[PDB]
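Data first, discussion second: the structure below is written as structure tokens.
In the text below, chain A, chain B and the rest are named by the order of the sequence lines, each starting its count at 1.
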Amino acid sequence: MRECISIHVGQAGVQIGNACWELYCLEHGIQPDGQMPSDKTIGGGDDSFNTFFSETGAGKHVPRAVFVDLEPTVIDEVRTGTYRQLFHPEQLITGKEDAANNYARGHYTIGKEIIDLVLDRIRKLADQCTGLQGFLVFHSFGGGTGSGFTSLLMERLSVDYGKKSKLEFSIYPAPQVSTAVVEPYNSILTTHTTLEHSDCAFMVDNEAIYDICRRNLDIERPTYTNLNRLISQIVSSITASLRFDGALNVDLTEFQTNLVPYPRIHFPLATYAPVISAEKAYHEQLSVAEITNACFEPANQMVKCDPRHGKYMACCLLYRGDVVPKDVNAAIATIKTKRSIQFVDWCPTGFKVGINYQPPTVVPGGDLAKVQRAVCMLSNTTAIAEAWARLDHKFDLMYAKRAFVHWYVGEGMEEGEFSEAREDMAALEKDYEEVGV
Amino acid sequence: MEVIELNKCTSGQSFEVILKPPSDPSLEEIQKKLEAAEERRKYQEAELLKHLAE
Amino acid sequence: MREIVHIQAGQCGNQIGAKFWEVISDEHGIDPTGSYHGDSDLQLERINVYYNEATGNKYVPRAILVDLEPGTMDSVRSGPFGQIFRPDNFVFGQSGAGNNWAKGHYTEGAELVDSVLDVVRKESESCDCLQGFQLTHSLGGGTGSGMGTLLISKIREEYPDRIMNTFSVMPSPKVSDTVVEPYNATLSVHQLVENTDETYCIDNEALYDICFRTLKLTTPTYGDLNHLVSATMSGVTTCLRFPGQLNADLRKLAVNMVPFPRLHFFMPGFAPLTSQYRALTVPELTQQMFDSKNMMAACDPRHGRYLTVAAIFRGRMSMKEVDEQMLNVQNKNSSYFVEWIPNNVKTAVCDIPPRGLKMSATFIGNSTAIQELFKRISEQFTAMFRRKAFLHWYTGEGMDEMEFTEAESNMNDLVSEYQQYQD
Amino acid sequence: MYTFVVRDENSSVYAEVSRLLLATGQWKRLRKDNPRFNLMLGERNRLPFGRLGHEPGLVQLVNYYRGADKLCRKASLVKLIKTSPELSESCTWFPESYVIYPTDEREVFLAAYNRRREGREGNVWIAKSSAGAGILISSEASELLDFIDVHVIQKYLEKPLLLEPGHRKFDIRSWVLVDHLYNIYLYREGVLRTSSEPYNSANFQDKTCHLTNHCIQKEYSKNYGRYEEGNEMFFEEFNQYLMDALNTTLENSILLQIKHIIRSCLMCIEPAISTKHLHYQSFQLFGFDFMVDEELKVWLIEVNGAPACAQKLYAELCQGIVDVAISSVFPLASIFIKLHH
Ligand SMILES: Nc1nc2c(ncn2[C@@H]2O[C@H](COP(=O)(O)OP(=O)(O)OP(=O)(O)O)[C@@H](O)[C@H]2O)c(=O)[nH]1
Ligand SMILES: Nc1ncnc2c1ncn2[C@@H]1O[C@H](COP(=O)(O)OP(=O)(O)CP(=O)(O)O)[C@@H](O)[C@H]1O
Ligand SMILES: Nc1nc2c(ncn2[C@@H]2O[C@H](COP(=O)(O)OP(=O)(O)O)[C@@H](O)[C@H]2O)c(=O)[nH]1
Ligand SMILES: [Ca+2]
Ligand SMILES: [Ca+2]
Ligand SMILES: [Ca+2]
Ligand SMILES: [Mg+2]
Ligand SMILES: [Mg+2]
Ligand SMILES: [Mg+2]
């Protein structure tokens with residue numbers, strides 16, 4: 001067993017992390033007070049769930065997580081929430097004033113003053129680890145802390161933990177819920193400085209989650225609570241292999257090996273099905289073939305794009321519930337004859353499949369209905385570069401006029417870092433086009 | 001359609017299906033950049049105070 | 001605990017500032033004696049942004065009242081909410097400023113500014129994390145204009161990393177007290193261009209036309225004008241006073257509204273404006289909110305382009321229908337929004353509506369059409385300055401004609417800067 | 001009111017469509033780089049499909065199918081027909097073609113060539129590509145490969161149907177409109193682009209009688225406009241000719257094969273280009289070009305992704321584009337034959 005440390009940065013990361021750990025506890029049978037009746041090894045052990053939970057002599061299971069935000073209002077909700085007892089104060093780090101949606105303010109001005117403290121609180125959790133695998137970093141692209149401070153943290157983690165893996169869960173900005181005009185700036189700035197320090201990053205576009213909530217859950221105006229409960233389901237399906245017995249994606253290193261043959265192209269596309277509304281008594285349970293076929297519908301992807309007009313480098317299928325390999329292969333065979341699925345020539349045309357018999361757990365009283373079987377597809381397709389194109393275009397529109405640039409220069413950032421970051425994205429879009437067209 | 005490396009356990013199983021075969025900066029360098037940014041802030045603030053002093 | 005320090009200076013500044021505290025005090029359930037009597041916890045969740053909590057659970061506005069004459073401030077202390085202000089925060093002289101920017105900025109005002117800063121420092125010291133300052137004042141007088149901009153310059157020197165926000169009332173010959181108002185306004189605007197991050201341009205001409213044309217008030221008074229300002233100030237500060245995601249503090253507001261440092265002069269708007277029991281639909285709020293007749297700066301938005309826009313809807317309404325109508329406005333009139341700032345229109349919704357209204361909407365626009373306001377002031381300035389008329393009032397206080405020439409040039413530069421982004 | 005943008009100024013078809021949309025009083029044209037549009041008349045090259053369908057509150061429609069280039073390119077079409085089981089290598093309405101690079105099919109092309117040579121069968125082939133105005137028609141294989149030094153070599157139809165009087169060659173242009181629901185609409189009006197020179201099967205060097213291009217006939221042909229105005233014969237005259245001469249109709253002898261060919265090509269790529277469940281919608285106007293041999297068998301020549309219309313038909317067709325493709329998605333306040341499938 002090897003431990004994994006979760007780091008939640010900014011409002012988006014903290015609120016998403018709070019939703020995930022709530023779901024983790026429900027899946028592992030951990031109660032709000034940290035007690036786990038099914039755990040018979042009191043005060044220790046090297047079970048699969050221990051990769052995310054440590055144990056005290058009193059039997060409390062404490063998440064291996066750190067919450068960081070430059071403003072206390074969001075983390076204070078964790079201090080007084082339903083799962084307040086899970087965490088101890090050393091895990092929650094808050095400042096006095098935030099980064100004001102300013103990457104430079106979160107990275108340089110405020111980041112320089114709090115970075116050493118965060119590393120210290122992380123070093124404490126690492127000291128509890130007998131064989132630390134690495135870190136899962138949750139954050140937004142558009143926020144000043146999620147973008148600015150995260151990149152500084154990722155840089156320092158590569159220094160203090162050179163051999164550890166680092167995976168991201170990143171929130172792509174969507175105007176329908178976005179709160180700042182400069183989020184394209186912060187997105188491209190944080191992606192530039194973080195690119196070399198992240199081994200695998202799962203981008204979630206709020207636009208996609210927003211419409212999935214409106215269309216499949218019948219939410220007229222989805223809130224962050226609606227969005228985060230759905231996101232935590234996706235994240236749970238991705239991390240389930242680290243927390244349960246199995247043989248696929250059993251450690252962080254395997255994520256890169258199975259999904260990232262090219263290091264810079266490390267943004268796998270996530271597709272989840274089925275998303276059923278709990279406001280209907282009965283719904284016809286979807287088969288393995290129907291939920292697997294849904295993994296190739298753009299309407300179910302975490303990022304709206306068209307994989308038909310790209311190429312696959314890898315594809316994993318993560319099933320949860322009543323699923324046997326026989327039905328998976330039969331479903332895949334049918335889908336190949338009907339779907340446009342092109343792989344790169346230097347890659348094998350195949351699917352790595354993982355099945356966990358325990359069906360998905362749903363938050364009691366939430367919006368998602370319990371289902372007999374669900375699947376999350378992790379496919380590394382060049383089509384996800386469409387999200388980079390949209391982001392780079394908006395960047396170009398504002399930066400051509402130098403709009404809002406003075407806010408960043410005023411924090412000590414040089415104007416050259418803008419073009420330097422934009423040129424890196426230009427090479428990134430070029431890599432995707434070379435690989436997929 | 002080849003099915004390989006089937007692993008079964010009490011809580012599930014995993015396998016692979018092949019449809020077709022194929023055809024950092026140092027801790028010192030980071031500190032300098034953070035300090036360089038802080039120096040540009042101090043310089044800009046000193047200019048403001050100088051301007052206000054006039 | 002992101003505290004704001006409020007300052008009101010001069011006759012206009014104190015009369016409008018007093019109405020502002022009367023209005024928001026009612027919204028937060030605070031009575032004249034500072035006692036809370038509300039039925040919602042939202043009233044108190046962010047009460048500390050504008051109020052200090054004293055002994056006995058009293059809430060004391062974090063406000064400083066400044067004036068070179070005692071008259072107007074005596075009326076405030078004797079007003080409806082006069083007792084709610086901290087007595088030590090009344091800082092005033094006896095000479096007055098005679099509607100003279102030089103007196104407020106260089107002579108009479110300089111003698112009193114240090115005592116004001118002492119009170120500001122006392123308030124700031126007891127702030128967990130000071131956001132910044134908001135100043136209410138007019139630009140056509142002497143105290144609010146001349147001494148107000150002097151205070152701003154010295155507040156920036158002592159708090160250079162804090163946000164400065166002002167509600168600045170622009171003079172108009174239609175609602176004028178003296179002929180030198182264009183002089184005082186021109187000298188002040190350059191101070192604002194340099195030393196504020198956000199300025200709501202409240203045009204007395206617009207306030208008059210709205211009271212006369214729309215509200216059907218034949219003989220508008222200053223009190224009538226201040227009714228519109230109170231409602232607008234309450235609207236533009238809703239995101240600061242109640243829980244929310246968008247523009248929740250002064251610095252994030254500036255980041256969303258100011259793409260270029262000098263272009264930070266906003267056109268506020270309010271809806272509805274009824275001359276009154278009829279229910280208002282979300283489509284009606286949106287169209288009225290964007291209608292120039294609801295603008296407070298007397299500028300035609302269709303004569304320029306919107307750099308950024310902040311919209312705040314108050315009351316229990318269809319949030320889905322709000323997004324639809326907001327998207328409808330931008331999609332139908334997209335030509336008036338600069339295309340090089342994607343998604344420059346941000347919308348916020350607050351459940352608590354203003355007093356006497358089921359729902360309302362406040363508009364905050366950074367439009368290049370605001371140059372029409374500065375051109376108007378610039379024309380009135382030159383008409384007199386070309387003959388050096390009325391300058392002796394200012395040279396008598398030590399000022400030189402060169403300082404007027406430089407203020408004139410600075411104003412014309414600001415107009416040219418707006419013009420380059422309008423093409 | 002609906003909004004649209006124009007990003008291809010050289011499109012005569014959509015220049016007319018834009019002119020029609022404005023005249024309805026219900027459509028407004030924005031700047032070409034304004035993202036808040038309902039409809040995009042996109043550019044021919046590098047149309048940014050990835051930026052469509054990300055505008056809240058706007059149903060967005062584009063006039064091009066992403067991925068339809070596979071059908072509208074010389075080499076792409078050949079590869080698509082040979083490799084797609086729906087069309088298959090045994091396809092009977094597409095001339096025997098081979099992809100030749102200056103993978104490659106040089107050795108397979110020569111293998112079939114030699115078979116025809118020994119069998120005394122006609123061995124005339126044509127080499128062309130997507131970079132033409134330039135073509136070469138030769139009976140010796142060695143001449144074809146030397147000329148190329150991406151191109152496609154396909155069997156030149158040595159026995160075309162010849163219109164009389166004139167003993168001349170022609171090709172049939174069909175306009176097909178596919179809407180957002182993937183309904184295939186065939187414009188009832190076609191055009192025969194005829195050659196004004198008598199077909200001379202002796203010397204293929206004089207291309208004035210072998211190439212039916214409107215431009216070639218208007219510059220290199222001595223009899224341009226002699227038999228029909230602009231070397232363009234419409235279906236009414238052509239149908240009457242088939243009745244008076246061949247004792248048949250255009251519908252039975254030719255149009256059935258054309259409709260069949262249009263269905264097969266478009267249905268083949270439907271899974272790859274359909275925008276049924278996509279965040280944006282697409283429609284597209286296609287230009288199918290056919291050849292008819294003396295046996296009254298129809299052969300597909302190529303498919304145009306950005307075709308131009310005939311002068312006499314711009315009004316009717318462009319108005320049809322608005323009714324079927326645009327108004328169906330954005331209703332306001334049949335000249336097509338629906339090919340069911
Ligand atoms: N899915 C999801 N997105 C969120 C959530 N909270 C904020 N966001 C998104 O994050 C972006 C803003 O960044 P934040 O995380 O809120 O800002 P921050 O990281 O706290 O940094 P600051 O500027 O200092 O406040 C916007 O695009 C929001 O839509 C959340 O709870 N769930
Ligand atoms: N295999 C073949 N057999 C007989 N004739 C052929 C032929 N291929 C081409 N032609 C003749 O050559 C002409 C030009 O062919 P092609 O369509 O490839 O060129 P093009 O793409 O430049 C014109 P367009 O874009 O309008 O179709 C055709 O109209 C046809 O008359
Ligand atoms: N809206 C409004 N404007 C005022 C009020 N009082 C004065 N003004 C305007 O302010 C200018 C006069 O400035 P004033 O505040 O009286 O001078 P000061 O006391 O020296 O700062 C003129 O343009 C007046 O029109 C008021 O109560 N409301
Ligand atoms: Ca244990
Ligand atoms: Ca590394
Ligand atoms: Ca004195
Ligand atoms: Mg924050
Ligand atoms: Mg006065
Ligand atoms: Mg062609």
Revision key, fill the gap. So, the part of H309(A) with a heavy atom under 4.5 Å from chain D: the answer is both
**Study point:** chain A interface, residue from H277(D), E55(D), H54(D) that has the most non-hydrogen pairs under 4.5 Å
**Key:** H54(D)
Exercise for review: Select all residues of residues 57-89 of chain D having any heavy atom within less than 4.5 Å of some heavy atom of chain A, and report them by number, or 'none'.
Suggested key: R66(D), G67(D)
Study note, to complete from the structure: Residues of residues 33-48 of chain D with a heavy atom under 4.5 Å from any heavy atom of chain A, in residue-number order, are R46(D)
**Study point:** More than 12 heavy atoms of other groups within 6.0 Å of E297(A) CD
**Key:** yes
Revision key, fill the gap. Minimal heavy-atom distance between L278(D) and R308(A), with the atoms involved, is CD2-NH2, 4.2 Å
Point to revise | Heavy-atom closest contact (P271(D) atom, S340(A) atom, distance) | key: O-OG, 4.0 Å
Point to revise | Contact origin within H279(D) toward chain A - heavy atom pairs under 4.5 Å | key: side chain
